[PDB]
Amino acid sequence: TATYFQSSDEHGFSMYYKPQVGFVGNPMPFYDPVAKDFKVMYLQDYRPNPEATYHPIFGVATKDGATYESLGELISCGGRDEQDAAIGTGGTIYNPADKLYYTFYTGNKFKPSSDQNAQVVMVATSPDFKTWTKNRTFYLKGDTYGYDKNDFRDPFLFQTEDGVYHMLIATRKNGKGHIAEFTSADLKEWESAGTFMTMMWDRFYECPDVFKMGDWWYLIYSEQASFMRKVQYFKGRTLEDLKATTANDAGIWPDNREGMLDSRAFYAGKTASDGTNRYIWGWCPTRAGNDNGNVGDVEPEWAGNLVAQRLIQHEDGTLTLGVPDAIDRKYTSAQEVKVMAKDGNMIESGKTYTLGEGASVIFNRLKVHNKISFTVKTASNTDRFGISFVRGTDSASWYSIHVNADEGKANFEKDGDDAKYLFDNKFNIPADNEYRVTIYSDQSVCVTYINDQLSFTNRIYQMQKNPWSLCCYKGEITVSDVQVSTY
Ligand SMILES: OC[C@H]1O[C@](CO)(OC[C@H]2O[C@@](CO)(OC[C@H]3O[C@](O)(CO)[C@@H](O)[C@@H]3O)[C@@H](O)[C@@H]2O)[C@@H](O)[C@@H]1O
Ligand SMILES: OC[C@H]1O[C@](CO)(OC[C@H]2O[C@@](CO)(OC[C@H]3O[C@](O)(CO)[C@@H](O)[C@@H]3O)[C@@H](O)[C@@H]2O)[C@@H](O)[C@@H]1O
Ligand SMILES: OC[C@H]1O[C@@](CO)(OC[C@H]2O[C@](O)(CO)[C@@H](O)[C@@H]2O)[C@@H](O)[C@@H]1O
């Protein structure tokens, strides 16, 4: 049938990774140049978390962002009264001069006095990536360098070609967000290089990531402002050009969409390259009560599932995200696609489905891990269509990605009874009115890609073992080459 089925997630997820117990918080992806794979450290979340001692650094190893090997607890929390009672994001770099991996991280003091440092940068090292030893005498306090006591976090490490090691830290100075820069020859002694970049207006850029790709420098960041809660970027041809983008609040956006790569269900994205591709790892939030339409009052829930995406550098230097090749390759097993119900102005005709305003088609029940592809041609570039999940023939409500060409964005919405707008994802509308759609799912987590322009991560509890649907809200669409593969 095509009746709504009360499906449920497994404890663990293997592709949009989640451990058996707990959730994936801020990722710390690192290409390990000795093992020649990615070590994705991440902040381990539980429900509930201890009050004082939470968010230890766990790890998974992956070659390709599709299959993961669990590494367990790597850098554990300090004691209740220590500066790193709770751990926040940082960054890793391998030093071949002593053959040690250095992971810098944020030590979060439990209930600091007004004079204590809530947030301090600390470090641990490892020869093998298995046993980590804290440097119990290393503390980098923002305070000391005229930066903030309480917001001083998310250290990002990279080495420029001159061999100098750089550390960028999200902080504040003089009532404004500053990415602070520190330098070192050896990773042990550090000097202030002043402010790398100011943060636009009263925004705050969490989880900064600076890298060179082809002939452009990029800053990728996660915006803490409650109205945004998305992963954004800036670009520049030189390092100095990059830094200038936010100088005096210049606001030199890299593209026509303020460098917004994804929406509010992909956060804390940070990147790593194997020399062939650069991937980004972020998390897709959980929802309270498993309710796809409870996306938080001000901010979503923190942590959920690991989501890997692939950076696409366009030839004007702009970035979009597409699927990792190895994720796509996992979907080997073709499923039959059959119409289960029709409504309104809707025509099936061989393997082509045409829909006008108000019309919908419901297809057969998905499996657990799904790849859904189809081409959508619209009549005009003011038209609007819907990609709907958890839509049984008896569902009063369901969850849809609205592609509104007139508004130049996709939305995620609750449709049906108790319909409501949730959030959006601006992308480049095709000139030829043609949308090549791919959707990859692992249980309740999916990313929708269109034309190498849109990358839209969503949390959709119960999309698995439930029917899906296409609809037209405005104008007319014709739909072709509908496939579903699974694994
Ligand atoms: O938000 C739910 C989450 O809240 C607690 C609440 O006390 O967590 C967020 C706190 O986690 C800390 C310490 O590990 O680190 C947060 C990192 O998250 C970012 O903000 C990105 O989202 C990054 O900039 C930080 O390094 C601390 O800073 C927060 O207060 C937990 O109980 C629960 O998991
Ligand atoms: O289910 C109905 C739904 O509509 C409401 C109220 O009208 O709101 C949002 C709708 O507005 C649209 C734009 O026409 O967009 C979002 C705008 O806001 C931004 O996200 C931030 O500034 C921007 O990118 C857009 O301009 C439309 O697509 C939505 O349908 C909800 O109250 C109600 O639940
Ligand atoms: O839903 C809010 C909506 O407003 C936008 C429009 O640019 O931005 C304005 C935003 O920028 C500041 O000036 C800087 O902090 C804020 O004070 C203000 O709210 C969109 O980007 C956003 O989606």
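Its PDB header attributes the entry to X-ray crystallography and lists the resolution as 2.300 Å.

Colleague: Whenever I open this one, the UniProt feature "domain: BT1760-like C-terminal" (unreviewed entry) in the chain confuses me. Can you help?
Modeller: Those residues carrying the UniProt feature "domain: BT1760-like C-terminal" (unreviewed entry) are residues 317-484 in this numbering. Secondary structure over residues 317-484 splits into 3% helix and 58% strand, and the C-alpha atoms at its two ends are 33 Å apart.

Colleague: Any chance you could explain the pairing of strand β29 (residues 420-426) here in plain terms?
Modeller: Each regular strand shows side chains that alternate between the opposite faces of the sheet. In the sheet, strand β28 (residues 409-416) pairs with β29 via 6 bridges, with the strands oriented antiparallel. Bridge pairing in β29 places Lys414 opposite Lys420. In sequence, β28 turns back onto β29 through a hairpin of 3 residues, with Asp418 there showing a positive phi of about 60°.

Colleague: How do you make sense of the state of the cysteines when you look at a structure like this?
Modeller: Among covalent bonds in proteins, the disulfide is the one between the sulfur atoms of two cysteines. A complete count under the given rule lists 0 disulfides for this structure. No disulfide involves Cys446; its nearest neighbouring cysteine sulfur is the one of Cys284, lying 7.8 Å away. Overall, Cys446 belongs to the buried group, its relative accessible area being 0%.

Colleague: Help me understand the environment of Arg264, please; the structure alone is not making it clear to me.
Modeller: Summarising the element assignment, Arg264 is placed in the loop between α1 (239-244) and β16 (267-273). Residue classification places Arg264 among the buried positions, given a relative accessible area of 14%. If sequence neighbours within four positions are ignored, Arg264 has contacts with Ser226, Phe227, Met228, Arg229, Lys230, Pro285, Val298, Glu299, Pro300 and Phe423. Among the polar contacts made by the side chain of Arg264, one reaches the main-chain carbonyl oxygen of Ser226 at a distance of 2.8 Å. One polar contact links the side chain of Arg264 to the main-chain carbonyl oxygen of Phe227, over a distance of 3.4 Å.

Colleague: Can you walk me through the nonpolar core in this structure?
Modeller: Most often, soluble globular proteins have nonpolar side chains that are buried together. Counting 69 residues, the largest nonpolar core has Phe374, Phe389 and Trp468 as the members making the most contacts within it. The greatest single-element share of this core, amounting to 5 residues, is contributed by strand β31 (residues 445-450). With sequence-adjacent residues up to four places away left out, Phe389 is seen in contact with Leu366, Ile372, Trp398, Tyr399, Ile401, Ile439, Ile460, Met463, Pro467 and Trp468.

Colleague: Please explain the UniProt feature "binding site: Zn(2+)" (unreviewed entry) in the chain as it appears in this structure.
Modeller: The UniProt feature table records "binding site: Zn(2+)" (unreviewed entry) at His11 and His369. Take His11: it is sitting in the segment before β1 (23-32). The contact partners of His11, leaving out residues within four places of it in the chain, are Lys18, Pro19 and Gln20. Tracing the sequence through the fold places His369 in the loop between β24 (360-363) and β25 (370-378).

Colleague: How should the site of ligand 3 be read in this particular structure?
Modeller: Contacts to ligand 3 come from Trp201, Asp202, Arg203, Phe227, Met228 and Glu258. Side-chain polar atom of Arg203 to an oxygen atom of ligand 3: 3.0 Å apart, as the coordinates give it. Contact distances for ligand 3 include 3.4 Å between an oxygen atom and a side-chain N or O atom of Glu258. Isolated, ligand 3 exposes 520 Å² of accessible area, and the fraction of that covered by the protein chains is 43%. Across the shell around ligand 3, the residue classes break down as 3 nonpolar, no polar and 3 charged.

Parameters at a glance
- Residues numbered from 1 in each chain as written, not as in the entry; some residues may be left out.
- Chains lettered and ligands numbered in written order.
- Heavy atoms only, no water.
- UniProt positions renumbered as here; feature names shortened; annotations may be inferred.
- Helix = DSSP H or I, 4+ residues; strand = E, 2+ residues; numbered from the N terminus.
- Pairing = 2+ DSSP bridges.
- Disulfide = S-S within 2.5 Å.
- Buried < 20%, exposed > 50% of the residue type's maximum accessible area, 1.4 Å probe, protein only.
- Contact = heavy atoms within 4.5 Å.
- Polar contact = N/O pair within 3.5 Å; in protein donor to acceptor, adjacent residues only side chain to side chain.
- Core = buried A, V, L, I, M, F, W, Y, C linked by side-chain atoms within 4.5 Å.
- Near = heavy atom within 4 Å.
- Areas by Shrake-Rupley, 256 points an atom, 1.4 Å probe, with all protein chains shown as cover.
- Nonpolar A, V, L, I, M, F, W, Y, C, P; charged D, E, K, R; others polar.

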